[PDB]
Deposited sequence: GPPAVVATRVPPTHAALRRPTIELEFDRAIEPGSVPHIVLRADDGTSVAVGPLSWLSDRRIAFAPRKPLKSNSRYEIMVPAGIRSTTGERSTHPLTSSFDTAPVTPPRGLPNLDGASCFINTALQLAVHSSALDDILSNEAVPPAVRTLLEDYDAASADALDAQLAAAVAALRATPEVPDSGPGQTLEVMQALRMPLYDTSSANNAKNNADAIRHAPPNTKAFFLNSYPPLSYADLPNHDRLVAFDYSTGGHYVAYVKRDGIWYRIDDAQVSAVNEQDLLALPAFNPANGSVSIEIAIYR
C-alpha cells in the first residue's frame, strides 16, 4: 500500500519574504538608492529589482535566501528625494523578522519519557541557529527533516518524522538510548551553539548582558537561578525551557504571543502568567534570544 504526503516549500518562502516599504511622502523613483538588508552578524543580503505599488510604496525581495528566525534591518542609504525636491540627509532604517507568525505546534510524546527531546526541539526550531543546525551534516538527518517540515507538515507526517527523529537522537552517544534525560543532552546532539554562563562576569544575568556580540542562546549554570522576570532583555527573549520536575515544557514566542508547549499541548500565555514562573532544581536552563 501507499501513503501520499505533501511537503510545501514554505520555510524557504520564509527565507525570501517580499518586503514592502511605504513612505510618508511621494518619492522620486530615481532617488531610491540601493537598499541593503543587514543582519546581527554583519552579513548583508542584496535586494532585487524594485517594483512600485504606488507613488509611496515600493516592493522588493532579497537576492538570496535570508537566515531563518533571524532579525534583519532594512537600510535605505541617505539620498532619497521627495517629489518636491526634499532630501533625506540621514540613512533611513526599518526592521523585520524571518520567523513564522502562525502559532507553534505540539509534538507528541509516544515514549512516555520523551519530554526533553520535544522541549529541546521546540527551543531549537524557534532559534536563530535553526539554519545553522539544519546545515550541519554531523546532525542526524531525520532531526533536520523534522525541523525543516515543522510548521508545514501534516500532523501525521510530523508524527512519523518525530518518531524517526527521536529514534536517531537516542542513537547518539550524548542522549539516553532509552528513558528520560536532560535538555542539554539533546542540544549537544543538535550541535546547538550555547553560551555557558560559567565561562566569562559572575552571575547568569551579567554574563547574558556582558556576553560577546551576537550571543543568542545561553545555558544558565551559574548562581543565582533566574525566573522569567529576572531574564534580561525581555524585548528579545523568544524562547526558554521550563522544568516542572521530571518534565520539560517549552515557552516560545511568536508574533508577539507567548505559548506554552507541553508535548502536544500548545496553550497561549500572557506575560503575567510568565512572571509567576519561579526559579526553584533550576527552572529555566536555556534562554534563547533573537
item	value
Regions of the deposited sequence not represented in the model	1-3, 204-205, 286-290
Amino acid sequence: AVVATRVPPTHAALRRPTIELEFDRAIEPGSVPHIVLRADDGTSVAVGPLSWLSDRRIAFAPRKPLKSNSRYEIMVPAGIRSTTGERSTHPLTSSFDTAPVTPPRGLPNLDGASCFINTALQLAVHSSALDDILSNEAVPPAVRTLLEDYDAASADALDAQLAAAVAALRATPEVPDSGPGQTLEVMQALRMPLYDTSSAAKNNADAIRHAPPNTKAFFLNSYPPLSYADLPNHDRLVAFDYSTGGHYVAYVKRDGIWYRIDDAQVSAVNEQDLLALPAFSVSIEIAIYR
From here on, numbers count along this sequence of modelled residues.
property	result
Greater mean Cα temperature factor according to the PDB record, 188-196 or 205-213	205-213
Of 58-66 and 226-234, the one with larger mean CA B-factor	226-234
Residue with maximal Cα B-factor (values as given in the PDB entry) among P176, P140, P91, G85	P91
Residue selected from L21, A276, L14, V266 by maximal Cα B factor	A276
Assigned third (lowest, middle, highest) for the C-alpha B factor of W258	middle
Chain third (lowest, middle, highest) by recorded CA B-factor, residue given as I284	highest
Where the record places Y248 (Cα B-factor, split into thirds across the chain)	highest
Within-chain third of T98 by Cα B-factor, per the entry	lowest
Chain thirds of CA B-factor: placement of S154	lowest
